[PDB]
Amino acid sequence: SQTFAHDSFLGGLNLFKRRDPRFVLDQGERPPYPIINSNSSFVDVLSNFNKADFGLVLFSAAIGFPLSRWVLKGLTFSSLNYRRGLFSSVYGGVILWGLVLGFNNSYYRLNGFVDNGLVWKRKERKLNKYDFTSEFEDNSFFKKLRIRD
Amino acid sequence: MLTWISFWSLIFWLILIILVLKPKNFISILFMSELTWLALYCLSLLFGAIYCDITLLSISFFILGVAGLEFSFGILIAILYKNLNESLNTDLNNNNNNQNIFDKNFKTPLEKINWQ
Amino acid sequence: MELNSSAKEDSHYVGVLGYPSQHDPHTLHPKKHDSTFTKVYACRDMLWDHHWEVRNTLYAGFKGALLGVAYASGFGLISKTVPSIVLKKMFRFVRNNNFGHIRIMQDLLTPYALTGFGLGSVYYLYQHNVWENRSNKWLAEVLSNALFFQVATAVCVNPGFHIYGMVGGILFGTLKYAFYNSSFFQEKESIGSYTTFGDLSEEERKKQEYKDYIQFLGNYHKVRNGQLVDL
Amino acid sequence: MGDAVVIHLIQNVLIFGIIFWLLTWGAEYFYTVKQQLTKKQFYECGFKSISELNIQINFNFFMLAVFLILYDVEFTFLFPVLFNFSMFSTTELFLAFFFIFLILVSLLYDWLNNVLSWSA
Amino acid sequence: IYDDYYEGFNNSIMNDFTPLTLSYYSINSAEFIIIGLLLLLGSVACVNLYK
Amino acid sequence: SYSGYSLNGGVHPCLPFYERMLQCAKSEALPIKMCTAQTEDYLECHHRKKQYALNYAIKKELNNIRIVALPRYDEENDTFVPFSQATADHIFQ
Amino acid sequence: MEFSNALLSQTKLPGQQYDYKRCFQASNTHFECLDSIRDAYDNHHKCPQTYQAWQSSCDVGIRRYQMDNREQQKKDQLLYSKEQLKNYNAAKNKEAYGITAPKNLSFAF
Amino acid sequence: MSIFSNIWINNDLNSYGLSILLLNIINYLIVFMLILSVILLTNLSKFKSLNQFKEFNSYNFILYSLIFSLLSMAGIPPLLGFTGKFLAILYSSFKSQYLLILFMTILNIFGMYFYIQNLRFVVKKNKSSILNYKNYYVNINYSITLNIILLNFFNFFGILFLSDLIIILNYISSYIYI
Amino acid sequence: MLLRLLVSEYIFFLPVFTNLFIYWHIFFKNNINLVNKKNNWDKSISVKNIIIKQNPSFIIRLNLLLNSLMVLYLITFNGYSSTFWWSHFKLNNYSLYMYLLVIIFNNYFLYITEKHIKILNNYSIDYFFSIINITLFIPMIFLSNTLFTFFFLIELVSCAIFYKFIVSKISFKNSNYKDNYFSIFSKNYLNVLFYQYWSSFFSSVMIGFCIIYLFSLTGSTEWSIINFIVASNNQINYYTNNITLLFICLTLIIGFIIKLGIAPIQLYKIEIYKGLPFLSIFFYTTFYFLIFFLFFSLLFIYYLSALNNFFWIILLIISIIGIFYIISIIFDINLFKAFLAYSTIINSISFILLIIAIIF
Ligand SMILES: CCCCCCCCCCCCCCCCCC(=O)OC[C@H](COP(=O)(O)OCCN)OC(=O)CCCCCCCCCCCCCCCCC
């Protein structure tokens with residue numbers, strides 16, 4: 001299945017495209033994409049920041065406003081100053097979560113867990129022996145969520 | 001006369017027994033809890049020295065921190081006994097008779113049971 | 001952690017593997033050059049004789065007495081209420097005697113220790129002489145325990161509480177057959193393990209195992225009923 | 001931390017106290033004490049005290065005591081990194097600064113709720 | 001009686017806090033941070049219990 | 001949770017045994033059956049049970065009257081001479 | 001848990017890290033050599049230099065997982081094929097859209 | 001676990017028991033939310049003693065939700081609480097534990113009477129007043145009512161959809177050793 | 001480490017710290033919500049209200065939002081099955097699925113709790129902040145790769161639960177006007193605090209002793225190393241002192257029995273339940289069954305499966321004693337919260353029997 005091109009502003013949407021429902025890979029299992037830096041440091045991940053991570057931050061900022069308003073909808077007995085301060089703190093928290101998501105995306109691109117514009121020389125040959133999802137996804141919305149069907 | 005491993009395990013369980021053995025006064029139980037934590041502290045130090053493990057020596061300060069937190073909570077709970085009209089000697093907070101107490105005698109707050 | 005290890009032992013499998021056998025003789029054979037003290041001290045092997053019925057009865061009584069003493073120490077003595085005057089007299093005795101606590105414990109634990117010893121000895125004799133030749137082992141265990149515990153509760157707790165004693169004996173017999181008589185959670189050999197004899201050729205054994213596998217394929221409901229799609 | 005020599009010095013301190021005791025007894029030779037009604041009674045500025053054993057305090061600073069326990073524990077935890085700070089790395093530096101930040105946060109929360117003062 | 005003089009002259013440690021540092025700040029640092037959070041939350045709970 | 005450090009900040013005396021045991025366990029398909037030697041070496045380094053059994057046997061044998069006098073030693077030649085030999089610095093001269 | 005090769009491989013020494021990029025480079029080279037040979041059994045001695053590089057770069061647990069996965073892949077490739085599996089799964093789903101009536105009055109066993 | 005000419009045949013799933021345990025815990029949590037969602041919908045101070053199950057005698061929704069939650073807790077089929085006990089007994093039989101089955105049955109029957117004993121207390125001489133008053137009228141929370149509706153659907157007809165939950169839990173438990 | 005500090009050692013720790021900082025920033029700024037200085041040049045459109053009782057609906061909504069963000073992080077999570085931060089935590093599929101399941105159930109219960117709190121406000125901000133702290137750290141237990149880190153995580157969770165029990169409302173506004181000039185003595189609060197504190201103390205000291213003696217037995221407390229050493233010992237027959245292994249198993253099991261309040265030690269649980277609000281019972285049951293009892297079972301199933309040769313007999317004895325001890329007691333209670341607690345206890349014993357069948 002196709003993924004949004006990395007280093008664009010929709011590269012963070014590739015985090016929602018998973019070929020298997022597994023959380024993590026095995027110890028000796030090769031990642032889907034070539035490894036750029038397995039021994040990544042914090043500044044290596046920061047240097048690997050790009051438009052995909054910036055777009056993740058922008059998505060957090062855009063969706064964080066209604067979420068902060070929804071949180072504030074339960075606030076009572078509060079002055080305007082405290083209401084504004086609480087909104088600012090919640091919105092900053094959501095934007096910080098977006099920054100964390102962008103950092104995770106950069107780290108994954110470094111480790112090859114998600115798309116990083118690189119492909120292995122020889123792809124892993126897998127036989128889809130057990131297949132309950134191909135026909136379901138080819139006629140539904142979920143073909144956009146599973147990589148390689 | 002006993003080896004230190006035997007002595008320290010034995011007296012840790014002896015402290016746990018004595019804590020139950022003594023009358024259930026909250027301050028006394030708090031003191032025995034501190035003593036139990038110190039026994040664990042010494043036993044961890046002994047095993048760390050024997051097996052050359054720095055992780056067992058690490059539990060020395062961790063046990064101190066846990067014991068300090070529990071002691072602070074116990075101090076607060078002991079203070080709380082004052083506002084709930086609860087005796088520190090918890091054996092006096094129930095009407096069940098026991099021969100362990102010389103003077104336990106609780107009576108209804110009434111003068112006369114029968115009016116003529 | 002095992003129960004009744006010596007009785008629950010596949011002697012054939014243990015011998016084939018070369019594993020030590022608990023049924024091997026545990027005895028001492030002095031030579032005719034040893035001292036008289038060596039001859040006498042070698043007679044302690046009689047205490048290791050599991051076929052000595054007097055020793056077995058004594059040790060079963062000792063185990064029952066230990067259980068009774070433990071019950072008195074933990075659940076029995078503290079439950080019952082001693083009169084205050086009796087306690088005062090006992091503590092006065094402790095005051096005026098150098099080891100009065102030992103005497104107090106002797107007096108308090110004596111009924112429980114004696115009851116445990118008697119129950120253990122009678123139970124061992126009952127099981128060994130009445131029910132060791134029955135075919136249905138589970139049924140024999142259940143019936144024997146039911147009757148024994150009904151009689152015991154009719155005389156140790158209260159005669160009115162004998163139905164509950166019979167039910168508890170049934171449950172205890174089921175538990176004893178499940179774990180003390182059966183190798184559950186105490187398996188000494190792998191499930192499906194076997195030993196080979198006859199000096200059969202490896203080709204012949206492979207052919208026999210192929211035949212067994214062909215028969216094994218009939219245990220699948222899809223294979224037996226012919227409900228498989230063409231793969 | 002000392003040793004059996006410290007224990008022996010404690011014994012010698014006890015012997016020095018014995019010397020002071022001898023001097024005090026010798027001084028006791030030089031006076032007479034006359035028995036009087038209120039001589040061996042409690043002093044309360046010239047009048048009899050109305051209480052002997054039941055002299056109870058209010059203890060309004062139990063929060064300060066429990067915070068003292070917790071923060072003494074925290075300072076003990078801070079001791080090792082400061083003892084060997086010359087070998088600090090990124091991890092050790094981050095942990096030390098985060099621990100000090102947690103101590104400061106706990107103190108500030110204690111200040112916000114007015115639990116560091118006396119109560120009625 | 002055995003003394004390793006090579007390790008002795010290659011050792012610059014001058015205090016007995018080295019295992020404590022290696023524990024609370026290298027390997028058991030997770031439990032060090034956990035104990036810090038525990039003490040913070042315990043202080044908060046102590047304030048709430050006083051209230 | 002194996003630190004690998006000694007009480008002076010150095011290296012734990014059983015770290016090579018632990019490393020070899022872990023290497024065998026990761027390499028073998030049946031680590032329990034195959035890493036018995038390395039695991040037993042690590043367990044002997046940790047629990048010195050074999051040395052304690054040796055000490056028990058040595059104490060039992062010293063309770064007997066088999067050995068009277070051990071050979072004395074001199075460092076100048078780095079050698080052991082019999083107790084019966086009248087050398088310098090001897091206890092009995 | 002003690003019998004789990006994966007859980008034992010996840011264990012590691014303190015301070016032990018895996019250079020996954022180098023490990024997978026060596027693994028790709030060695031497995032490319034092995035697949036070029038294309039034998040029923042993986043004779044690592046027929047690709048000597050790449051075998052040494054794979055041993056040095058990769059850890060024991062990583063190599064154990066790689067060999068187990070290679071054995072599974074070889075078995076699957078000897079057994080199945082893509083179009084056959086696709087047709088089989090399509091037929092299985094189509095049958096799952098129905099019921100399994102019992103085979104009353106059978107002729108076997 | 002059989003072997004034929006050095007080839008192992010494995011007809012047993014090792015991770016099935018953990019899935020059954022997870023299903024039992026999840027079913028208990030779902031039924032516990034169902035009983036306590038009805039409680040949180042009402043005046044919480046009205047339920048002090050066991051005889052005060054009469055307080056649930058109100059408009060039919062609260063009454064029937066309470067009685068069906070109690071029946072589900074007791075393990076009465078086909079309610080959600082029955083499925084967990086049935087699967088536990090099935091797995092114990094698969095593991096060949098007749099004594100464990102016997103003790104599970106004893107505990108199940110005693111607890112079942114423990115739960116259904118309170119169904120007698122629900123009978124009240126009149127309809128109860130257990131709702132909080134907001135704006136002079138009883139406060140009925142539609143959100144909690146909808147939650148109870150969903151829980152009641154999955155408690156009544158949850159046996160029809162239990163296969164998917166079993167698949168999910170077995171899939172989750174299959175990662176424990178691989 | 002020394003030279004390089006890889007991201008893979010704290011990449012999972014980053015979102016947890018982010019949530020912690022957001023939560024505590026909100027909590028700290030909430031404590032000064034009423035401090036808004038009016039300068040001499042400021043005109044008040046309305047007279048300031050100085051009596052405030054803020055509905056904690058916004059706190060619950062913040063908890064839901066941050067738990068949902070953690071769910072989102074878990075959904076997009078990637079990595080290798082390995083141990084991070086000096087092998088004190090494990091990142092594997094089962095542990096991450098347990099984390100996700102715990103967070104999902106916490107989200108459901110928090111949503112229902114918000115819907116309830118909009119009806120009547122009998123709870124404060126501090127109560128839901130304690131709940132916030134529980135939900136943040138209670139899933140971290142399943143990530144423990146060591147009994148040491150597990151012990152410290154459950155110490156933090158127990159402190160949070162004690163905090164939650166502390167902030168329960170004591171006095172209410174009721175239509176009982178007959179008690180205004182008389183002293184009524186309610187002792188449920190002190191009973192709850194006392195029993196929770198002492199059960200926590202006993203469980204903590206027993207778990208500490210078990211950790212100390214497991215370090216002696218193995219030299220490490222990592223789950224994989226403990227299981228490997230114990231299983232190989234059954235193959236080498238090196239450490240044959242069955243007394244020590246049996247006592248370690250007994251200490252661990254009894255400490256967990258005291259912690260969980262499983263029969264025959266359940267009267268303290270009965271006393272605690274009948275002194276807590278129904279919302280507190282809601283959350284406490286959610287945390288107990290999904291986390292504490294689940295880790296109990298996984299200790300007998302996954303973490304210490306190599307010790308099942310000693311676990312089975314202790315578990316069987318405890319199950320039999322509990323079954324034959326509570327059958328009479330469950331029929332002499334007359335309280336709603338006692339009924340709920342005994343329902344929990346009965347289900348716990350049933351699941352203990354189930355795990356006994358599992359470890360077979
Ligand atoms: C033709 C069509 C045209 C278009 C039609 C219209 C549009 C259609 C839109 C379709 C839907 C779009 C969905 C968009 C993304 C949604 C993401 C989501 O919901 O994820 C759920 C999550 C994903 O699971 P997974 O990825 O496997 O987990 C992480 C693994 N690394 O899964 C999980 O978190 C699983 C958690 C498992 C553990 C908990 C659950 C099992 C146990 C409890 C059972 C239930 C009991 C109650 C629990 C509480 C319920 C509130």
# chains A, B, ... in the order shown; residues from 1 in each chain; ligands from 1
call {"tool": "residues_near_ligand", "arguments": {"ligand": "ligand 1", "cutoff": "6 Å", "atoms": "only C-alpha atoms and all ligand atoms", "output": "PyMOL selection string"}}
result
(chain A and resi 21-23+140-141) or (chain I and resi 74-75+77+100-101+104-105+108)
call {"tool": "write_last_selection", "arguments": {"atoms": "C-alpha atoms", "output": "compact mmCIF listing (two decimals), in the first residue's frame"}}
result
# COMPACT_ATOMS: atom_id res chain seq x y z
CA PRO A 21 -0.92 -4.99 14.33
CA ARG A 22 2.28 -5.68 16.26
CA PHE A 23 3.52 -2.96 18.59
CA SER A 140 -13.41 -0.68 2.17
CA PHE A 141 -11.70 2.38 3.63
CA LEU I 74 0.75 3.59 21.61
CA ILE I 75 -1.11 3.16 18.30
CA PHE I 77 4.42 3.20 18.47
CA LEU I 100 -2.96 -0.12 26.14
CA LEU I 101 -5.73 -2.21 27.72
CA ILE I 104 -8.46 2.03 27.52
CA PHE I 105 -10.32 0.86 30.62
CA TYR I 108 -13.86 4.36 29.90
call {"tool": "closest_atom_pairs", "arguments": {"of": "chain I", "to": "chain G", "cutoff": "12 Å", "atoms": "only C-alpha atoms", "output": "JSON lines"}}
result
{"residue": "I:1", "atom": "CA", "partner": "G:15", "partner_atom": "CA", "distance": 6.7}
{"residue": "I:2", "atom": "CA", "partner": "G:15", "partner_atom": "CA", "distance": 8.7}
{"residue": "I:3", "atom": "CA", "partner": "G:15", "partner_atom": "CA", "distance": 10.4}
{"residue": "I:4", "atom": "CA", "partner": "G:15", "partner_atom": "CA", "distance": 10.1}
{"residue": "I:5", "atom": "CA", "partner": "G:15", "partner_atom": "CA", "distance": 10.0}
{"residue": "I:6", "atom": "CA", "partner": "G:17", "partner_atom": "CA", "distance": 9.1}
{"residue": "I:7", "atom": "CA", "partner": "G:17", "partner_atom": "CA", "distance": 11.8}
{"residue": "I:8", "atom": "CA", "partner": "G:17", "partner_atom": "CA", "distance": 10.1}
{"residue": "I:9", "atom": "CA", "partner": "G:17", "partner_atom": "CA", "distance": 10.4}
{"residue": "I:79", "atom": "CA", "partner": "G:20", "partner_atom": "CA", "distance": 11.9}
{"residue": "I:80", "atom": "CA", "partner": "G:10", "partner_atom": "CA", "distance": 9.3}
{"residue": "I:81", "atom": "CA", "partner": "G:10", "partner_atom": "CA", "distance": 6.6}
{"residue": "I:82", "atom": "CA", "partner": "G:10", "partner_atom": "CA", "distance": 4.8}
{"residue": "I:83", "atom": "CA", "partner": "G:10", "partner_atom": "CA", "distance": 6.5}
{"residue": "I:84", "atom": "CA", "partner": "G:12", "partner_atom": "CA", "distance": 10.0}
{"residue": "I:85", "atom": "CA", "partner": "G:14", "partner_atom": "CA", "distance": 9.2}
{"residue": "I:86", "atom": "CA", "partner": "G:14", "partner_atom": "CA", "distance": 5.7}
{"residue": "I:87", "atom": "CA", "partner": "G:14", "partner_atom": "CA", "distance": 7.2}
{"residue": "I:88", "atom": "CA", "partner": "G:14", "partner_atom": "CA", "distance": 10.0}
{"residue": "I:89", "atom": "CA", "partner": "G:11", "partner_atom": "CA", "distance": 10.8}
{"residue": "I:90", "atom": "CA", "partner": "G:10", "partner_atom": "CA", "distance": 8.5}
{"residue": "I:91", "atom": "CA", "partner": "G:10", "partner_atom": "CA", "distance": 9.3}
{"residue": "I:92", "atom": "CA", "partner": "G:10", "partner_atom": "CA", "distance": 9.0}
{"residue": "I:93", "atom": "CA", "partner": "G:7", "partner_atom": "CA", "distance": 11.4}
{"residue": "I:94", "atom": "CA", "partner": "G:7", "partner_atom": "CA", "distance": 11.5}
{"residue": "I:145", "atom": "CA", "partner": "G:11", "partner_atom": "CA", "distance": 9.6}
{"residue": "I:146", "atom": "CA", "partner": "G:11", "partner_atom": "CA", "distance": 11.6}
{"residue": "I:220", "atom": "CA", "partner": "G:13", "partner_atom": "CA", "distance": 11.5}
{"residue": "I:222", "atom": "CA", "partner": "G:11", "partner_atom": "CA", "distance": 8.7}
{"residue": "I:223", "atom": "CA", "partner": "G:1", "partner_atom": "CA", "distance": 8.6}
{"residue": "I:224", "atom": "CA", "partner": "G:8", "partner_atom": "CA", "distance": 6.4}
{"residue": "I:225", "atom": "CA", "partner": "G:11", "partner_atom": "CA", "distance": 8.0}
{"residue": "I:226", "atom": "CA", "partner": "G:2", "partner_atom": "CA", "distance": 8.5}
{"residue": "I:227", "atom": "CA", "partner": "G:2", "partner_atom": "CA", "distance": 5.1}
{"residue": "I:228", "atom": "CA", "partner": "G:2", "partner_atom": "CA", "distance": 4.9}
{"residue": "I:229", "atom": "CA", "partner": "G:2", "partner_atom": "CA", "distance": 8.5}
{"residue": "I:230", "atom": "CA", "partner": "G:2", "partner_atom": "CA", "distance": 8.6}
{"residue": "I:231", "atom": "CA", "partner": "G:2", "partner_atom": "CA", "distance": 6.7}
{"residue": "I:232", "atom": "CA", "partner": "G:2", "partner_atom": "CA", "distance": 8.9}
{"residue": "I:233", "atom": "CA", "partner": "G:2", "partner_atom": "CA", "distance": 11.7}
{"residue": "I:234", "atom": "CA", "partner": "G:2", "partner_atom": "CA", "distance": 11.8}
{"residue": "I:298", "atom": "CA", "partner": "G:1", "partner_atom": "CA", "distance": 11.0}
{"residue": "I:299", "atom": "CA", "partner": "G:1", "partner_atom": "CA", "distance": 11.0}
{"residue": "I:300", "atom": "CA", "partner": "G:1", "partner_atom": "CA", "distance": 11.2}
{"residue": "I:301", "atom": "CA", "partner": "G:1", "partner_atom": "CA", "distance": 8.8}
{"residue": "I:302", "atom": "CA", "partner": "G:1", "partner_atom": "CA", "distance": 6.1}
{"residue": "I:303", "atom": "CA", "partner": "G:1", "partner_atom": "CA", "distance": 7.2}
{"residue": "I:304", "atom": "CA", "partner": "G:1", "partner_atom": "CA", "distance": 8.0}
{"residue": "I:305", "atom": "CA", "partner": "G:1", "partner_atom": "CA", "distance": 6.5}
{"residue": "I:306", "atom": "CA", "partner": "G:2", "partner_atom": "CA", "distance": 6.8}
{"residue": "I:307", "atom": "CA", "partner": "G:2", "partner_atom": "CA", "distance": 10.6}
{"residue": "I:308", "atom": "CA", "partner": "G:1", "partner_atom": "CA", "distance": 11.6}
call {"tool": "write_last_selection", "arguments": {"atoms": "N, CA and C atoms", "output": "compact mmCIF listing (two decimals), in the first residue's frame"}}
result
# COMPACT_ATOMS: atom_id res chain seq x y z
N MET I 1 24.49 5.81 27.62
CA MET I 1 25.40 5.40 28.68
C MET I 1 26.52 6.42 28.87
N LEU I 2 27.74 5.92 29.08
CA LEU I 2 28.89 6.80 29.31
C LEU I 2 29.17 7.66 28.08
N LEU I 3 29.54 7.02 26.97
CA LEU I 3 29.90 7.76 25.77
C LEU I 3 28.66 8.30 25.06
N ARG I 4 27.73 7.41 24.71
CA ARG I 4 26.52 7.79 24.01
C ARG I 4 25.30 7.36 24.82
N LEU I 5 24.30 8.24 24.88
CA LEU I 5 23.03 7.95 25.52
C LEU I 5 21.99 7.81 24.42
N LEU I 6 21.70 6.56 24.04
CA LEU I 6 20.81 6.30 22.92
C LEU I 6 19.38 6.71 23.24
N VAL I 7 18.65 7.12 22.20
CA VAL I 7 17.26 7.53 22.38
C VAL I 7 16.40 6.35 22.83
N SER I 8 16.71 5.15 22.34
CA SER I 8 15.90 3.97 22.63
C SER I 8 15.85 3.63 24.12
N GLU I 9 16.60 4.33 24.96
CA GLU I 9 16.57 4.10 26.40
C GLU I 9 15.53 4.95 27.12
N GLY I 79 9.22 0.03 17.33
CA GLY I 79 10.46 -0.27 18.00
C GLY I 79 10.82 -1.74 17.85
N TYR I 80 11.86 -2.13 18.59
CA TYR I 80 12.28 -3.52 18.68
C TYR I 80 11.88 -4.10 20.03
N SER I 81 11.59 -5.40 20.04
CA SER I 81 11.35 -6.11 21.29
C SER I 81 12.66 -6.19 22.05
N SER I 82 12.81 -5.35 23.07
CA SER I 82 14.06 -5.27 23.81
C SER I 82 13.78 -4.66 25.17
N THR I 83 14.84 -4.45 25.94
CA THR I 83 14.77 -3.84 27.26
C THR I 83 15.50 -2.51 27.23
N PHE I 84 14.86 -1.47 27.76
CA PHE I 84 15.43 -0.13 27.74
C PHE I 84 15.66 0.37 29.15
N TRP I 85 16.56 1.34 29.26
CA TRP I 85 16.99 1.94 30.52
C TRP I 85 17.58 0.87 31.46
N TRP I 86 18.70 0.32 31.00
CA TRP I 86 19.50 -0.64 31.78
C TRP I 86 18.68 -1.88 32.14
N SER I 87 17.87 -2.34 31.19
CA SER I 87 17.09 -3.57 31.30
C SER I 87 16.11 -3.54 32.47
N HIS I 88 15.79 -2.36 32.99
CA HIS I 88 14.80 -2.26 34.05
C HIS I 88 13.37 -2.23 33.53
N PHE I 89 13.18 -2.01 32.23
CA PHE I 89 11.86 -2.03 31.62
C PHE I 89 11.91 -2.83 30.33
N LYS I 90 10.78 -3.44 29.99
CA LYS I 90 10.68 -4.31 28.83
C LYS I 90 9.68 -3.73 27.84
N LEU I 91 10.10 -3.61 26.58
CA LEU I 91 9.23 -3.15 25.49
C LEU I 91 8.95 -4.35 24.59
N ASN I 92 7.90 -5.09 24.92
CA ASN I 92 7.46 -6.20 24.10
C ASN I 92 5.97 -6.06 23.83
N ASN I 93 5.48 -6.87 22.89
CA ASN I 93 4.11 -6.73 22.42
C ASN I 93 3.11 -6.97 23.53
N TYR I 94 3.33 -8.00 24.35
CA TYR I 94 2.37 -8.30 25.41
C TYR I 94 2.34 -7.19 26.46
N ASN I 145 10.68 -4.96 33.98
CA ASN I 145 11.54 -6.09 33.66
C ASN I 145 12.21 -6.67 34.90
N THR I 146 11.87 -6.16 36.08
CA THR I 146 12.53 -6.54 37.32
C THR I 146 11.52 -6.45 38.45
N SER I 220 20.56 -11.54 40.24
CA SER I 220 19.81 -10.57 39.46
C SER I 220 18.34 -10.79 39.73
N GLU I 222 16.02 -9.60 37.28
CA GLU I 222 15.33 -9.56 36.00
C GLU I 222 14.51 -10.83 35.82
N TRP I 223 13.32 -10.68 35.23
CA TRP I 223 12.41 -11.82 35.11
C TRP I 223 13.03 -12.95 34.29
N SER I 224 13.67 -12.61 33.17
CA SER I 224 14.27 -13.65 32.33
C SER I 224 15.40 -14.36 33.05
N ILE I 225 16.25 -13.61 33.76
CA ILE I 225 17.39 -14.22 34.43
C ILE I 225 16.94 -15.11 35.58
N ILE I 226 15.94 -14.66 36.35
CA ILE I 226 15.43 -15.47 37.45
C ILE I 226 14.88 -16.79 36.93
N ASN I 227 14.05 -16.73 35.89
CA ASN I 227 13.47 -17.95 35.34
C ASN I 227 14.54 -18.86 34.77
N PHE I 228 15.51 -18.30 34.04
CA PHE I 228 16.56 -19.13 33.47
C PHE I 228 17.39 -19.81 34.55
N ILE I 229 17.75 -19.07 35.61
CA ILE I 229 18.56 -19.64 36.67
C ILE I 229 17.79 -20.72 37.43
N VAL I 230 16.51 -20.46 37.74
CA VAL I 230 15.73 -21.44 38.47
C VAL I 230 15.51 -22.70 37.63
N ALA I 231 15.24 -22.53 36.33
CA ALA I 231 15.03 -23.69 35.47
C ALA I 231 16.30 -24.50 35.29
N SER I 232 17.45 -23.82 35.13
CA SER I 232 18.71 -24.54 35.00
C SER I 232 19.10 -25.22 36.30
N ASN I 233 18.72 -24.63 37.44
CA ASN I 233 18.98 -25.27 38.72
C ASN I 233 18.23 -26.59 38.84
N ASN I 234 17.03 -26.66 38.26
CA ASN I 234 16.31 -27.93 38.20
C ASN I 234 16.98 -28.93 37.28
N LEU I 298 0.04 -13.00 36.33
CA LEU I 298 1.19 -13.07 35.44
C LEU I 298 2.46 -13.45 36.18
N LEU I 299 2.55 -13.13 37.47
CA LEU I 299 3.63 -13.66 38.29
C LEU I 299 3.53 -15.17 38.37
N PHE I 300 2.32 -15.70 38.51
CA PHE I 300 2.21 -17.16 38.51
C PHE I 300 2.22 -17.77 37.11
N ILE I 301 2.04 -16.97 36.06
CA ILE I 301 1.95 -17.48 34.70
C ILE I 301 3.20 -17.14 33.89
N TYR I 302 3.69 -15.91 33.99
CA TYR I 302 4.71 -15.41 33.07
C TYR I 302 6.02 -15.06 33.75
N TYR I 303 5.99 -14.20 34.77
CA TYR I 303 7.23 -13.66 35.31
C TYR I 303 8.01 -14.70 36.11
N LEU I 304 7.32 -15.51 36.91
CA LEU I 304 7.99 -16.50 37.73
C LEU I 304 7.47 -17.90 37.44
N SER I 305 7.30 -18.23 36.16
CA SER I 305 6.78 -19.54 35.79
C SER I 305 7.74 -20.67 36.16
N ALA I 306 9.03 -20.37 36.27
CA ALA I 306 10.01 -21.39 36.64
C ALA I 306 9.86 -21.85 38.09
N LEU I 307 9.12 -21.12 38.91
CA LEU I 307 8.90 -21.47 40.31
C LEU I 307 7.54 -22.11 40.54
N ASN I 308 6.84 -22.51 39.47
CA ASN I 308 5.51 -23.09 39.62
C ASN I 308 5.52 -24.41 40.37
call {"tool": "interface_residues", "arguments": {"of": "chain F", "to": "chain B", "cutoff": "8 Å", "atoms": "only C-alpha atoms", "output": "tab-separated table (two decimals) with C-alpha atoms, in the first residue's frame"}}
result
chain	number	residue	atom	x	y	z
F	1	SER	CA	19.14	-6.14	37.08
F	2	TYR	CA	22.68	-7.55	37.09
F	3	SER	CA	24.88	-4.53	37.76
F	5	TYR	CA	30.03	-3.67	39.19
F	6	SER	CA	31.95	-4.56	42.33
F	7	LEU	CA	31.55	-2.82	45.68
F	12	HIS	CA	31.82	-7.90	39.53
F	46	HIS	CA	27.64	-16.59	42.99
call {"tool": "interface_residues", "arguments": {"of": "chain H", "to": "chain G", "cutoff": "12 Å", "atoms": "only C-alpha atoms", "output": "list in words"}}
result
residues 14, 175, 176, 177 and 178 of chain H
call {"tool": "atom_distance", "arguments": {"atom1": "atom CA of residue I:249", "atom2": "atom CA of residue I:153"}}
result
20.6 Å
call {"tool": "select_by_dssp", "arguments": {"residues": "chain F", "states": "helix (DSSP H, G or I)", "output": "JSON, numbers by chain"}}
result
{"F": [15, 16, 17, 18, 19, 20, 21, 22, 23, 24, 25, 26, 27, 31, 32, 33, 34, 36, 37, 38, 39, 40, 41, 42, 43, 44, 45, 46, 49, 50, 51, 52, 53, 54, 55, 56, 57, 58, 59, 60, 61, 62]}
call {"tool": "atom_distance", "arguments": {"atom1": "atom CA of residue A:73", "atom2": "atom CA of residue I:61"}}
result
8.9 Å
